[PDB]
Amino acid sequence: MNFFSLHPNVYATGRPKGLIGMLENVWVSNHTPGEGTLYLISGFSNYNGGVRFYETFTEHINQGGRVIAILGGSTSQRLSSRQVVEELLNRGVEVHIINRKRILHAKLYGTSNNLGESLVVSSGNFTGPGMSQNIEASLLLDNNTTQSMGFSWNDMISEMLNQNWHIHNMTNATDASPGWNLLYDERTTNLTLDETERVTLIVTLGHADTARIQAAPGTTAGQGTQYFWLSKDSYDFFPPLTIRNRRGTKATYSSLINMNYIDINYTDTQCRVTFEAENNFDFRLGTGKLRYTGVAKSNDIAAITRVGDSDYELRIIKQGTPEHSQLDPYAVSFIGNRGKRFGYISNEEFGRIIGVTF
């Protein structure tokens, strides 16, 4: 069967609700690890664009499969990052970088094996924004439809490799490989946060989020892991999630960020945001600094405002207050199964609503 999605959460004809969902179909739900070849073609790429799938690629390759990535690169434009490429190569992905005045602009993903070809054509790059909040269209075609059309990955990739283009095969790259100069460094960011990044995440809180916050100081009810559970698809809202779990543990990808907890007048400069890549793909924010403080309870909202690449402010928006009534409608998308919702709002307008100039 074939599927179409316009994400985030706008329109979908079936089960897959966006690019992540389409790739989950072709690379997870309808794929056997180790069979054939996974393909990813994307003009732009960054680290958080791949966190959902690095483990997928690793198991596929560990089970005898191949992964081929063809990504854009440039000395004068930020297309694909060193970080994403480092990571793909380290998993055994075969990575080719195309350098061309008119860029590789295509975004195509899928698989080829003995059974047939699957194909996802998208507007979404293999980037955090492509996988998250950009308004993106994606179309998945199944084996029967690609067969009837005559589509072949092998034939297409063979043609791409015979155009005279400047294509750098980075598989087995060393430090000397000139392909590195086509890849930008995610750690290089502008002095001030771009206007497009100046947003606040609004999320409703539940009993998991707040039990240990409400717990009387020092009581056992307050003990244990204290997280705010955030949306599964927050790839674009956080810096590169490059901090990894210890060997032998479930795979996670994290960043340390500055979290200015406004309600207790305290900045945690080691606040951890974590993507759980071998559980249920949740984002979780380590909010242990709020343990026992009482600052939040179920049905309150957390407003997490991004003010720098890695700088954030957290405010509790208390239920039954005017601010909560104006912000609760912005949490439009459901997370999990107990009524949690989230969404984003500009900092400009969040501010307007709470009385703050950012």
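Sequential numbering from 1, following the sequence displayed.
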Next item on the list: Check the entry's C-alpha temperature factors for 113-121 and 268-276, then say which stretch has the higher mean.
Entry: 113-121
Next item on the list: Read off the CA B-factors in the entry, average them over 325-333 and over 307-315, and name the higher stretch.
Entry: 325-333
Next item on the list: Name the one of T200, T242, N143, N258 with the greatest CA B-factor according to the PDB entry.
Entry: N143
Check: Which one of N99, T225, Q83, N134 shows the top CA temperature factor in the record?
Finding: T225
Notebook entry, point to check: Can you tell me which third, lowest, middle or highest, the CA B-factor of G343 falls into for its chain?
Noted result: middle
Item checked: Lowest, middle or highest third - CA B-factor, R52 -> lowest
Notebook entry, point to check: C-alpha B factor of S42, ranked within the chain: lowest, middle or highest third?
Noted result: lowest
Margin query: What third of the chain does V356 rank in for C-alpha temperature factor, lowest, middle or highest?
Written below: highest
Next item on the list: Could you say whether, by C-alpha temperature factor, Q77 belongs to the lowest, middle or highest third of its chain?
Entry: middle
